[PDB]
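Novice: Structure file query17.txt (compact mmCIF, C-alpha atoms) right here:
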# COMPACT_ATOMS: atom_id res chain seq x y z
CA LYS A 697 -10.52 29.11 -5.42
CA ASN A 698 -13.06 31.08 -7.48
CA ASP A 699 -13.32 33.79 -4.82
CA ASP A 700 -9.53 34.11 -4.58
CA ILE A 701 -9.16 34.47 -8.35
CA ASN A 702 -12.03 36.98 -8.39
CA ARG A 703 -10.29 39.08 -5.73
CA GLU A 704 -7.10 39.00 -7.80
CA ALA A 705 -9.12 40.08 -10.85
CA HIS A 706 -10.63 43.01 -8.95
CA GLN A 707 -7.19 44.10 -7.74
CA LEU A 708 -5.79 43.98 -11.28
CA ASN A 709 -8.86 45.81 -12.62
CA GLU A 710 -8.27 48.61 -10.12
CA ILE A 711 -4.62 48.61 -11.21
CA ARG A 712 -5.62 48.92 -14.87
CA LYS A 713 -7.98 51.77 -14.04
CA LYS A 714 -5.20 53.56 -12.16
CA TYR A 715 -3.20 53.18 -15.37
CA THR A 716 -6.12 54.63 -17.33
CA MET A 717 -6.23 57.46 -14.79
CA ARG A 718 -2.57 58.25 -15.47
CA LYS A 719 -3.36 58.10 -19.19
CA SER A 720 -6.09 60.69 -18.60
CA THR A 721 -3.56 62.82 -16.73
CA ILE A 722 -1.36 62.59 -19.83
CA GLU A 723 -4.20 63.54 -22.16
CA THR A 724 -5.38 66.59 -20.23
CA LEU A 725 -2.44 67.96 -18.26
CA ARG A 726 0.28 66.78 -20.66
CA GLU A 727 -1.48 67.93 -23.83
CA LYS A 728 -4.59 70.05 -23.20
CA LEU A 729 -2.59 72.32 -20.90
CA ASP A 730 0.26 72.23 -23.43
CA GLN A 731 -2.13 73.24 -26.21
CA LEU A 732 -3.74 75.93 -24.06
CA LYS A 733 -0.37 77.49 -23.21
CA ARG A 734 0.88 77.19 -26.80
CA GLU A 735 -2.19 78.90 -28.24
CA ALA A 736 -2.47 81.39 -25.33
CA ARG A 737 0.75 82.90 -26.76
CA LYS A 738 -1.11 83.63 -30.04
CA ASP A 739 2.51 84.42 -31.09
CA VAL A 740 2.84 87.48 -28.72
CA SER A 741 4.57 89.14 -31.72
CA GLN A 742 0.86 89.85 -32.26
CA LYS A 743 0.18 92.14 -29.29
CA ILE A 744 3.77 93.42 -29.38
CA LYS A 745 3.35 94.60 -32.97
CA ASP A 746 -0.05 96.01 -32.04
CA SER B 728 -51.45 7.54 -9.95
CA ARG B 729 -50.60 9.37 -6.73
CA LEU B 730 -47.06 7.98 -6.96
CA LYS B 731 -46.72 9.27 -10.53
CA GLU B 732 -47.99 12.69 -9.44
CA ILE B 733 -45.48 12.83 -6.58
CA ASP B 734 -42.68 11.68 -8.90
CA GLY B 735 -43.55 14.45 -11.36
CA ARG B 736 -43.49 16.95 -8.51
CA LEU B 737 -40.11 15.53 -7.45
CA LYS B 738 -38.67 15.94 -10.95
CA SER B 739 -40.03 19.49 -11.20
CA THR B 740 -38.49 20.30 -7.82
CA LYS B 741 -35.14 18.88 -8.94
CA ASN B 742 -35.25 20.95 -12.13
CA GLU B 743 -36.07 24.05 -10.08
CA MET B 744 -33.15 23.26 -7.77
CA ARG B 745 -30.79 23.01 -10.74
CA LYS B 746 -32.09 26.26 -12.24
CA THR B 747 -31.78 28.11 -8.92
CA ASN B 748 -28.25 26.79 -8.34
CA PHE B 749 -27.13 27.80 -11.83
CA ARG B 750 -28.73 31.24 -11.43
CA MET B 751 -26.95 31.67 -8.08
CA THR B 752 -23.66 30.76 -9.73
CA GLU B 753 -24.39 33.20 -12.57
CA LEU B 754 -25.00 35.88 -9.94
CA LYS B 755 -21.58 34.98 -8.53
CA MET B 756 -20.06 35.24 -12.01
CA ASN B 757 -21.62 38.70 -12.46
CA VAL B 758 -19.17 40.04 -9.87
CA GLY B 759 -16.39 39.54 -12.43
CA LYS B 760 -17.74 42.15 -14.84
CA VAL B 761 -15.11 44.85 -15.30
CA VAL B 762 -15.91 47.61 -12.79
CA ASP B 763 -13.84 50.75 -13.34
CA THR B 764 -12.75 53.37 -10.78
CA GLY B 765 -9.92 55.07 -12.65
CA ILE B 766 -9.76 58.07 -15.00
CA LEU B 767 -12.30 60.06 -12.99
CA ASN B 768 -9.87 60.51 -10.09
CA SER B 769 -7.32 62.30 -12.29
CA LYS B 770 -9.90 64.85 -13.44
CA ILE B 771 -11.15 65.22 -9.86
CA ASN B 772 -7.63 66.13 -8.74
CA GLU B 773 -7.09 68.50 -11.67
CA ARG B 774 -10.41 70.27 -11.09
CA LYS B 775 -9.72 70.65 -7.37
CA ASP C 437 -22.93 42.99 -4.43
CA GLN C 438 -26.56 43.12 -5.56
CA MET C 439 -25.95 39.89 -7.47
CA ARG C 440 -24.61 38.51 -4.18
CA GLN C 441 -27.83 39.59 -2.44
CA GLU C 442 -29.87 37.74 -5.06
CA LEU C 443 -27.42 34.85 -4.61
CA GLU C 444 -28.31 34.72 -0.91
CA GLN C 445 -32.04 34.98 -1.63
CA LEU C 446 -31.91 32.15 -4.17
CA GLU C 447 -29.76 30.09 -1.78
CA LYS C 448 -32.62 30.39 0.70
CA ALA C 449 -35.02 29.44 -2.11
CA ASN C 450 -32.85 26.43 -3.01
CA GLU C 451 -32.80 25.30 0.62
CA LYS C 452 -36.60 25.57 0.66
CA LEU C 453 -36.63 23.50 -2.53
CA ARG C 454 -34.43 20.92 -0.79
CA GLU C 455 -36.92 20.72 2.08
CA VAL C 456 -39.85 20.42 -0.34
CA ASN C 457 -38.03 17.69 -2.28
CA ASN C 458 -37.31 15.77 0.93
CA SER C 459 -40.96 16.01 1.99
CA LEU C 460 -42.13 14.91 -1.46
CA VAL C 461 -39.77 11.93 -1.36
CA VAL C 462 -41.07 11.08 2.12
CA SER C 463 -44.62 11.06 0.76
CA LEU C 464 -43.56 9.09 -2.32
CA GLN C 465 -41.87 6.39 -0.24
CA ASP C 466 -44.86 6.16 2.10
CA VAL C 467 -47.25 5.76 -0.83
CA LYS C 468 -44.86 3.19 -2.35
CA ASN C 469 -45.01 1.20 0.90
CA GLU C 470 -48.81 1.45 0.77
CA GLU C 471 -48.71 0.17 -2.81
CA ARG C 472 -46.53 -2.78 -1.79
CA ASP C 473 -48.86 -3.64 1.10
CA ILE C 474 -51.99 -3.43 -1.06
CA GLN C 475 -50.36 -5.50 -3.80
CA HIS C 476 -49.29 -8.17 -1.30
CA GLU C 477 -52.82 -8.29 0.12
CA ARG C 478 -54.16 -8.64 -3.43
CA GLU C 479 -51.74 -11.48 -4.14
CA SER C 480 -52.67 -13.31 -0.94
CA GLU C 481 -56.43 -12.96 -1.46
CA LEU C 482 -56.26 -13.94 -5.13
CA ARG C 483 -54.12 -16.97 -4.28
CA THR C 484 -56.55 -18.06 -1.56
CA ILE C 485 -59.65 -17.67 -3.72
CA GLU D 399 -11.39 38.16 -19.31
CA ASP D 400 -9.44 34.97 -18.58
CA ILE D 401 -10.25 35.23 -14.87
CA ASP D 402 -13.91 35.86 -15.68
CA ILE D 403 -13.96 32.73 -17.86
CA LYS D 404 -12.31 30.64 -15.14
CA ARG D 405 -14.71 32.05 -12.54
CA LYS D 406 -17.71 31.18 -14.72
CA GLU D 407 -16.40 27.65 -15.31
CA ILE D 408 -15.75 27.01 -11.62
CA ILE D 409 -19.10 28.59 -10.74
CA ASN D 410 -20.93 26.30 -13.17
CA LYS D 411 -19.11 23.36 -11.57
CA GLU D 412 -20.30 24.60 -8.17
CA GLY D 413 -23.87 24.84 -9.44
CA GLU D 414 -23.75 21.34 -10.91
CA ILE D 415 -22.39 19.95 -7.64
CA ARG D 416 -25.10 21.81 -5.71
CA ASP D 417 -27.62 20.09 -7.97
CA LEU D 418 -26.14 16.79 -6.77
CA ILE D 419 -26.88 17.68 -3.15
CA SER D 420 -30.66 17.84 -2.84
CA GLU D 421 -30.91 14.88 -5.22
CA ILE D 422 -28.76 13.02 -2.70
CA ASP D 423 -31.17 14.37 -0.08
CA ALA D 424 -34.04 12.82 -2.05
CA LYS D 425 -32.22 9.49 -2.23
CA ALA D 426 -31.47 9.66 1.50
CA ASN D 427 -35.11 10.42 2.33
CA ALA D 428 -36.36 7.54 0.18
CA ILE D 429 -33.85 5.15 1.73
CA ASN D 430 -34.66 6.41 5.24
CA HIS D 431 -38.36 5.76 4.74
CA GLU D 432 -37.50 2.33 3.33
CA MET D 433 -35.59 1.77 6.58
CA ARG D 434 -38.58 2.93 8.61
CA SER D 435 -41.10 0.80 6.72
CA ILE D 436 -39.01 -2.38 6.86
CA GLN D 437 -38.22 -1.80 10.54
CA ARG D 438 -41.92 -1.28 11.29
CA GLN D 439 -42.67 -4.55 9.50
CA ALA D 440 -40.02 -6.31 11.61
CA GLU D 441 -41.43 -4.74 14.78
CA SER D 442 -44.98 -5.81 13.90
CA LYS D 443 -43.79 -9.36 13.24
CA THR D 444 -42.01 -9.30 16.61
CA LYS D 445 -45.23 -8.09 18.25
CA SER D 446 -47.12 -11.04 16.66
CA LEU D 447 -48.34 -13.51 19.39
CA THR D 448 -46.76 -16.37 17.33
CA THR D 449 -49.94 -18.41 18.15
CA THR D 450 -49.46 -18.45 21.98
CA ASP D 451 -53.03 -17.80 23.18
CA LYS D 452 -56.06 -19.69 21.91
CA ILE D 453 -57.04 -16.46 20.14
CA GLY D 454 -53.75 -16.95 18.31
CA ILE D 455 -54.90 -20.49 17.57
CA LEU D 456 -57.97 -18.85 16.02
CA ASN D 457 -55.64 -17.36 13.39
CA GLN D 458 -55.28 -20.84 11.85
CA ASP D 459 -58.73 -21.12 10.22
CA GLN D 460 -61.12 -18.81 8.39
CA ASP D 461 -64.03 -19.75 10.64
CA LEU D 462 -61.62 -19.50 13.57
CA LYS D 463 -60.60 -16.11 12.16
CA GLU D 464 -64.25 -15.06 12.31
CA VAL D 465 -64.37 -16.34 15.90
CA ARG D 466 -61.26 -14.28 16.67
CA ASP D 467 -62.89 -11.20 15.14
CA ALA D 468 -65.97 -11.84 17.28
CA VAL D 469 -63.75 -12.12 20.37
CA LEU D 470 -62.01 -8.86 19.46
CA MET D 471 -65.36 -7.13 18.99
CA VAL D 472 -66.50 -8.52 22.35
CA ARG D 473 -63.36 -7.07 23.95
CA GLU D 474 -64.11 -3.76 22.21
CA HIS D 475 -67.78 -3.96 23.33
CA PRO D 476 -68.09 -4.02 27.15
CA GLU D 477 -71.84 -4.61 26.91
CA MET D 478 -71.06 -7.58 24.66
CA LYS D 479 -68.20 -8.65 26.95
CA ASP D 480 -69.91 -9.09 30.33
CA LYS D 481 -72.89 -10.99 28.91
CA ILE D 482 -70.97 -12.66 26.05
CA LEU D 483 -67.60 -14.15 27.00
CA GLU D 484 -64.76 -15.79 25.11
CA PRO D 485 -65.31 -19.41 24.03
CA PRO D 486 -64.53 -22.22 26.49
CA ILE D 487 -61.47 -22.98 24.35
CA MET D 488 -60.09 -19.65 25.59
CA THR D 489 -61.86 -18.96 28.90
CA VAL D 490 -61.76 -22.56 30.14
CA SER D 491 -58.43 -24.36 30.49
CA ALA D 492 -58.19 -28.06 31.20
CA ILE D 493 -55.71 -29.28 33.80
CA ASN D 494 -53.84 -31.45 31.29
CA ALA D 495 -53.96 -32.35 27.60
CA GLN D 496 -55.91 -35.53 28.33
CA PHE D 497 -58.48 -33.50 30.27
Using structure tokens, write down the structure that the file contains.
Specialist:
Amino acid sequence: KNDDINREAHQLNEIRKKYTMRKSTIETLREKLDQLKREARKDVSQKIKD
Amino acid sequence: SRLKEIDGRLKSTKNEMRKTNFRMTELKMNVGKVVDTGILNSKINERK
Amino acid sequence: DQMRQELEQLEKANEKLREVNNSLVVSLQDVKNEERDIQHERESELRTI
Amino acid sequence: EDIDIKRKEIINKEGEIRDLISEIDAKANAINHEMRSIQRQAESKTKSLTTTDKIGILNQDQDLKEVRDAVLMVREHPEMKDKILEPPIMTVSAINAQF
């Protein structure tokens, strides 16, 4: 019984870490890329007016 | 006197058996510590 | 897994402890039988004298 | 965390039960050697000559016990066996009780 419950725990721990992995995808790709593209503009009205 | 010595050895052996069994079971319980194989894969994929 | 390796090693150690305990109990029972025999001989000789 | 707690509880139960295994082995060994000792005593009593031979008759008196010990030493001593024999109570048998 202990081994079965431990296997279930390991499966659910891997599941939770996959969830954390998707959270990391959110943090970097969703936001860090969003921030990089938003600031990469530097409001092109800058270079245009240059 | 020899009987008392052997009985003391017997009790010490029983205590050692109990300690070893409990340590074995603690080693079993150490498998349950949260091992994580998550977030790193996302960054691996992004970097690749 | 390493904890499982130490689990196996200490299982072997516990089995060795079981064998040692059984041998010690064997010796204890033999010496108890010797005690009973010596005590019975003492009782018989003291009664006779 | 809940599964870890349950695993630790069950594992401590397993350890406690495993403690009550070699202790049972100790009890079994003690009882087995009790068996062996008592059975050896029974076997020795069965081997007893139950006073059949006159050497067994010698078991019935302290001086006769000394005579029995002398007879046993004579049996163990061939040089003291050819020259010195068992007493006529043992070596010599009368035809009947009246003889």
Novice: Near chain D, meaning an atom within 10 Å, which residues of chain B appear when counting only C-alpha atoms? Write them as an NGL selection string.
Specialist: :B and (737-738 or 740-761)
Novice: Could you pull the residues within 10 Å of residue 458 (chain C), counting all atoms listed in the file, minus those fewer than 2 positions along the same chain, as a list in words?
Specialist: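 Answer for this query is residues 737 and 740 of chain B; 452, 453, 454, 455, 456, 460, 461, 462, 463 and 464 of chain C; 420, 421, 422, 423, 424, 425, 426, 427 and 428 of chain D.
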Novice: Which value, in Å to one decimal, gives the distance between CA of residue 487 (chain D) and CA of residue 452 (chain D)?
Specialist: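 We find that CA of residue 487 (chain D) and CA of residue 452 (chain D) lie 6.8 Å from each other.
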Novice: Tell me, in Å to one decimal, how far CA of residue 467 (chain C) is from CA of residue 729 (chain B).
Specialist: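 According to the coordinates, CA of residue 467 (chain C) and CA of residue 729 (chain B) are separated by 7.7 Å.
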Novice: Using CA of residue 740 (chain A) and CA of residue 723 (chain A) as the two end points, give the distance in Å to one decimal.
Specialist: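 Going from CA of residue 740 (chain A) over to CA of residue 723 (chain A) covers 25.8 Å.
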Novice: Tell me the residues of chain A close to chain D, meaning within 10 Å using all atoms listed in the file, as a list in words.
Specialist: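 Listed by rising number, the hits are residues 697, 698, 699, 700, 701, 702, 703, 704, 705 and 706 of chain A.
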Novice: Quick one: everything within 9 Å of residue 717 (chain A), counting all atoms listed in the file, minus sequence neighbours fewer than 2 positions away in the same chain. Send it as an MDAnalysis selection string.
Specialist: (chainID A and resid 712:715 719:722) or (chainID B and resid 764:770)
Novice: Which of these residues is nearest to chain B, using only C-alpha atoms: A:718, A:728, A:738, A:745?
Specialist: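 The shortest atom-to-atom distance to chain B comes from A:718.
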Novice: Could you please select, counting all atoms listed in the file, the residues of chain C within 6 Å of chain B and state them as JSON, numbers by chain?
Specialist: {"C": [439, 443, 450, 457, 464]}
Novice: Keeping just C-alpha atoms, export chain A of this structure as a CSV table (one decimal), in the first residue's frame.
Specialist:
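Final file, part-v9.csv:
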chain,number,residue,atom,x,y,z
A,697,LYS,CA,0.0,0.0,0.0
A,698,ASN,CA,2.8,2.4,0.9
A,699,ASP,CA,4.6,1.8,-2.4
A,700,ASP,CA,1.4,2.3,-4.4
A,701,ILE,CA,0.6,5.6,-2.7
A,702,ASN,CA,4.3,6.7,-3.2
A,703,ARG,CA,4.0,6.0,-6.9
A,704,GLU,CA,0.8,8.1,-7.0
A,705,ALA,CA,2.6,10.9,-5.2
A,706,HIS,CA,5.5,10.8,-7.7
A,707,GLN,CA,3.1,10.9,-10.6
A,708,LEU,CA,1.3,13.9,-9.1
A,709,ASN,CA,4.6,15.6,-8.3
A,710,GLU,CA,5.6,15.3,-11.9
A,711,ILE,CA,2.2,16.7,-12.8
A,712,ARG,CA,2.7,19.7,-10.5
A,713,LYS,CA,6.1,20.3,-12.0
A,714,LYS,CA,4.7,20.2,-15.5
A,715,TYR,CA,2.3,22.9,-14.3
A,716,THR,CA,5.2,24.9,-12.9
A,717,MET,CA,6.9,24.4,-16.3
A,718,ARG,CA,3.9,26.0,-18.0
A,719,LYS,CA,4.0,28.8,-15.4
A,720,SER,CA,7.6,29.4,-16.4
A,721,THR,CA,6.5,29.5,-20.1
A,722,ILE,CA,4.0,32.1,-19.1
A,723,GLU,CA,6.6,34.1,-17.2
A,724,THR,CA,9.3,34.2,-19.9
A,725,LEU,CA,7.5,33.8,-23.3
A,726,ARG,CA,4.2,35.4,-22.2
A,727,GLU,CA,5.8,38.4,-20.5
A,728,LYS,CA,9.6,38.7,-21.0
A,729,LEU,CA,9.1,38.4,-24.7
A,730,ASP,CA,6.2,40.8,-24.4
A,731,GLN,CA,8.3,43.3,-22.5
A,732,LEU,CA,11.2,42.8,-25.0
A,733,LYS,CA,9.0,43.5,-28.0
A,734,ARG,CA,7.2,46.4,-26.2
A,735,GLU,CA,10.5,48.1,-25.3
A,736,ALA,CA,12.2,47.2,-28.6
A,737,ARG,CA,9.8,49.7,-30.2
A,738,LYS,CA,11.3,52.5,-28.0
A,739,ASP,CA,8.3,54.3,-29.5
A,740,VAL,CA,9.6,54.2,-33.2
A,741,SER,CA,8.3,57.8,-33.4
A,742,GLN,CA,11.9,58.1,-32.0
A,743,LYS,CA,13.9,56.9,-35.0
A,744,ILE,CA,11.2,58.2,-37.4
A,745,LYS,CA,11.6,61.8,-35.9
A,746,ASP,CA,15.4,61.3,-36.0
